[PDB]
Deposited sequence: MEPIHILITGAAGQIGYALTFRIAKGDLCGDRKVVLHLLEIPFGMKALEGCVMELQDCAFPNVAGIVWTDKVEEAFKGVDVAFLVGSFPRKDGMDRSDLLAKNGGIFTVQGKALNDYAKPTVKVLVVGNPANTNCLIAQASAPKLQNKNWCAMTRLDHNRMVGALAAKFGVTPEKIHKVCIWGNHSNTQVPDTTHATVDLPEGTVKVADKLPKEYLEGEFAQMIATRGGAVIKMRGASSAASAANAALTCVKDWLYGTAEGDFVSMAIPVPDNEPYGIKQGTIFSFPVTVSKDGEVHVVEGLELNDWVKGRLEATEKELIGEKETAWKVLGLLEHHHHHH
């Protein structure tokens, strides 16, 4: 009965921030966890040190610890996978250079999940490019359906809640119905046209130029802004984003943002074949449902074409440098 939860790139800043929250029992309440920790050989020494810290925390909620560089051992029997680790974008690197390196990582992990993980596993891809990476993993796992998969857009989601909370001078508990559409970055759509605040609708309380201009642009650049100030990745906020994304994913929910494989229904004319972020509700059985009947203005719609265009374009590059054919 204890739940097996995997974190890749576990000795890094994001993984390190997430391990201890999960281990404390923040993700699964009073249910004991068997924490799975994966690192590349360069990180095994640091991972070991992280594991030492975990013991030094003395969490009763921790049933066990699997820490390894072997993916069969790391991915075996897990119910939740936080695919945090990835190949970081470096200087002089094309997107196709990025997609090539991450493609190899996530085709391996996609199949690792498929063979070793539970058929009922929930995979949250965090490593960039999340959406396209998640698509690589999904395409490597023939046994797994698409309910198993999700890329994270919850950080930009909470960045919206937090920012709107502070604008209205209200606690974040009283901002509802925000969402991110599309890709996790570059073209993510900060949609504030359904949002409310404790209760008047955010839309007819703040200017359209603000919400769909300055505000939107702040969301898009928030990640880099934090990095510039701290000189480090948005570790704690992201780890919180991923934890709560999976929290709701497991136990239900207004609505939240999740980058999921586009359903056969193809809501809002978003073409199937990419990992696309939607405003979604989640049932208490952990079933994700896209919020289907919304009024999108010419800004939101035009922003959707921009982000889907990027997703489809990026996946086309992934197939290109992965040497893939139609039936792949």
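When the deposited sequence is numbered from 1, the segments without any C-alpha atom are 1, 200-203, 259-261, 337-340.
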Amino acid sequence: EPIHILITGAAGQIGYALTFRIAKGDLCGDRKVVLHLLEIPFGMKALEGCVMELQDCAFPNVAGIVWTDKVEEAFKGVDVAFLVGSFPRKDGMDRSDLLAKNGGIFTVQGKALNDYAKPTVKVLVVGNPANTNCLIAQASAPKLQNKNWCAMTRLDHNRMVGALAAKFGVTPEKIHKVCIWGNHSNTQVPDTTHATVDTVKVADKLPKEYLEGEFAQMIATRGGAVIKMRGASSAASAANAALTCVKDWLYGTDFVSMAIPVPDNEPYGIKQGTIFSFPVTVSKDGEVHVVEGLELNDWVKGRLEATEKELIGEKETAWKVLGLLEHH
From here on, numbers count along this sequence of modelled residues.
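On average the C-alpha atoms of 278-286 have higher B-factors than those of the other stretch, with 37-45 and 278-286 being the two compared. Look at the C-alpha B-factors of 201-209 and of 121-129. On average they run higher in 201-209.
In the deposited coordinates, the residue among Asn183, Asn158, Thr171, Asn240 with the greatest CA B-factor is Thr171. Remark: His194 belongs to the highest third of its chain, ranked by C-alpha B-factor as recorded. Residue-level temperature factors show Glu316 in the lowest third of its chain, judged at the C-alpha atom.
Annotation for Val178: C-alpha temperature factor in the highest third relative to the rest of the modelled chain, per the entry. In the deposited entry, the Cα temperature factor of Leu98 sits in the middle third of values across the chain's modelled residues. In the PDB entry, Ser86 places in the lowest third of its chain by CA B-factor.
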